[PDB]
Amino acid sequence: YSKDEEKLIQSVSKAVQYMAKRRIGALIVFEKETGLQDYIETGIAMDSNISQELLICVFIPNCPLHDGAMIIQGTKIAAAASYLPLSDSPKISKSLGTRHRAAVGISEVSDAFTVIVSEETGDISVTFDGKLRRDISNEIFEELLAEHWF
Amino acid sequence: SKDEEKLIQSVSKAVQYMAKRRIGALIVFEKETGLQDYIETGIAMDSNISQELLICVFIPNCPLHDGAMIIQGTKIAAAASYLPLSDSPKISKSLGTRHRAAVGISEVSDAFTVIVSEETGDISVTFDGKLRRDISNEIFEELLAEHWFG
């Protein structure tokens, strides 16, 4: 892995851990092969470089960009506050936030890789290919982020 | 010029919103004098400009609210940049440091800087070494257009 590719992962990883401990809900979608320009246009265009600080700033509660999904295209944030499709599978708990139903939702209609931070639990969750992995450790998140991103 | 009038509206509407809520803000737009020296002081963004993103950067306690946002052309080159503070004896000493930061970058370059006072909520501007205080919103858009797009 490139030195920069690792810098990005620690940036994203450090941001997720900050939000995890403070129970800040967060929802970040990483584009893979399926084009997500339909969903990127849902929100406010950023086309911005990544840094931990930006990631945290976007999800601050009572912030204009916290409501919705941040969508990442390659090494850039394509948009924030995107509306993703919500999922209807009856196997989602219903004790689970809209963010979670959105991430499995986008997981059903594309190959995208999405990380969710539960505003109520602080657990780190991941979705891809219609499948959900819940309450992963930081080590596993960095492991999985790298595979799907790079 | 249509694209410019929407950028001016983006910047102007955000500045007024922060003004009414007494949110401190400090934004410098570069013209002729390169600031890449100061842009490297802060967090690299290279981000498109939008009303929501300007406001999110300066929400109090946001990791980027402390410092200067620097704008290059139609993009935000960096946020939370360190500008040099000025030592002129006509400065109130009755004003937050944000004011003296804009008078600082005004002395060493031709840059155009806007300030929103955290304690007062008034709108100020600096260029060519002098500070102009509590201008109206109508006047602020006129000067921004003048200095940003010639």
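Cut-offs applied
Residues numbered from 1 in each chain as written, not as in the entry; some residues may be left out. Chains lettered and ligands numbered in written order. Heavy atoms only, no water. Contact = heavy atoms within 4.5 Å. Buried area = accessible area lost by both parts, 1.4 Å probe. Salt bridge = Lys/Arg side-chain N within 4 Å of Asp/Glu carboxyl O. Polar contact = N/O pair within 3.5 Å; in protein donor to acceptor, adjacent residues only side chain to side chain. Helix = DSSP H or I, 4+ residues; strand = E, 2+ residues; numbered from the N terminus. Nonpolar A, V, L, I, M, F, W, Y, C, P; charged D, E, K, R; others polar. Pairing = 2+ DSSP bridges. Axes fitted to C-alpha atoms, helices over the stretch in contact; angles between N-to-C directions. Expected span 1.5 Å × (residues − 1). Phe/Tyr/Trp six-rings, centres within 6.5 Å; stacked < 30°, edge-to-face > 60°. Buried < 20%, exposed > 50% of the residue type's maximum accessible area, 1.4 Å probe, protein only. Parallel < 35°, antiparallel > 145°, perpendicular 65-115°, else oblique. Left-handed = near helix turned anticlockwise from the far one by under 90°. Disulfide = S-S within 2.5 Å.

- Per the deposited record, the coordinates in this entry were obtained by X-ray crystallography to a resolution of 2.7700 Å.

**Quick look at the interface of chain A and chain B**
And then number 1: Listed per partner, the contact involves 16 residues of chain A and 17 residues of chain B.
And then number 2: Among the residues chain A hides against chain B, the three largest losses belong to A:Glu53, A:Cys57 and A:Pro64. Together they make up 31% of the total.
And then number 3: Counting the contacts that link chain A with chain B gives two salt bridges.
And then number 4: A salt bridge links B:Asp46 to A:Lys76; its shortest N-O distance comes to 3.7 Å.
And then number 5: If you look at where chain A meets chain B, you find five residue pairs in polar contact.
And then number 6: The set of elements that each furnish at least two residues to the side of chain A that touches chain B consists of strand 2 (44-48) and helix 3 (52-58) of chain A.
And then number 7: Here the element with the most residues in the side of chain A that touches chain B is strand 2 of chain A; it accounts for five residues.
And then number 8: For the side of chain A that touches chain B, the per-class residue count stands at ten nonpolar, three polar and three charged.

**A few points about the sheet that holds strand 5 (residues 112-116) of chain B**
All names here are of chain B.
And then number 1: Strand order in the open sheet formed by seven strands is 2-4-3-1-5-6-7, and the pairing between neighbours is mixed. The open sheet is flanked by strand 2 (43-48) and strand 7 (130-132), the only strands paired with a single partner. Neighbour to neighbour, the strand axes of the sheet diverge by 20° on average, direction disregarded.
And then number 2: Here three bridges tie strand 6 (residues 123-127) to strand 7, and the two strands are oriented antiparallel to one another.

**Observations concerning helix 5 (residues 138-149) of chain A**
And then number 1: An ideal rise of 1.5 Å per residue puts 16 Å on twelve residues; helix 5 of chain A measures up with 16 Å between its terminal C-alpha atoms.
And then number 2: Its buried side turned inward, helix 5 of chain A meets helix 1 (3-21), strand 1 (26-30), strand 3 (69-73), strand 5 (113-117), strand 6 (124-128) and strand 7 (131-133) of chain A.

**So, the packing of aromatic side chains**
All names here are of chain A.
And then number 1: Inspection of the entire model under this criterion finds nine aromatic pairs over all chains.
And then number 2: Ring centres of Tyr1 and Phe150 lie 6.4 Å apart, and the angle between their planes is 65°; this geometry places the pair in the edge-to-face category. Residue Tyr1 is located in the segment before helix 1, and its partner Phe150 is located in the segment after helix 5; the two are separated by 149 residues in the primary sequence.
And then number 3: For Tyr1, a relative accessible area of 66% gives the class exposed.

**Quick look at the packing of helix 1 (residues 3-20) of chain B against helix 5 (residues 137-149) of chain B**
All names here are of chain B.
And then number 1: The contact between helix 1 and helix 5 brings their axes to 10 Å, and the two run at 135°. Compared by their axis directions, helix 1 and helix 5 come out oblique. Here the hand of the crossing between helix 1 and helix 5 comes out right-handed. Counted together, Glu4, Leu7, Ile8, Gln9, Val11, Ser12, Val15 and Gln16 of helix 1 and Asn137, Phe140, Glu141, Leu144, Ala145, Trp148 and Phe149 of helix 5 form the full contact between these two elements.
And then number 2: Partitioned by chemical class, the residues of the contact of helix 1 with helix 5 number nine nonpolar, four polar and two charged.

**Quick notes on unusual backbone geometry**
Residues and elements named next belong to chain B.
And then number 1: Positive phi, normally seen in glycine, also occurs at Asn61, with a value near 85°.
And then number 2: With respect to the helices, strands and loops of the structure, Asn61 is situated in the loop between helix 3 (51-57) and strand 3 (68-72).
And then number 3: Judged by relative accessible area, which is 68%, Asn61 ranks as exposed.
And then number 4: One non-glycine residue with positive phi stands out, namely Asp134, at about 45°.
And then number 5: Its location among the elements puts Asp134 in the loop between strand 7 and helix 5.

**With respect to the state of the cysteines**
And then number 1: For the structure shown, the criterion picks out two disulfides over all chains.
And then number 2: One disulfide in the model links A:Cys57 with B:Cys62; its S-S distance is 1.5 Å. The disulfide joining A:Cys57 to B:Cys62 has a torsion of about -110° about its S-S bond and is therefore left-handed. One end of the pair, A:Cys57, is in helix 3; the other, B:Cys62, is in the loop between helix 3 and strand 3, on a second chain.
And then number 3: Assessed through its relative accessible area of 2%, A:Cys57 is described here as buried.
And then number 4: Using a relative accessible area of 2% as the deciding quantity, one classes B:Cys62 as buried.
And then number 5: Shown here is the disulfide that connects A:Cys63 with B:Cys56, its sulfur atoms set 1.3 Å apart. Across the S-S bond of A:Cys63 and B:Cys56 the torsion is about 115°, and the bridge reads as right-handed.

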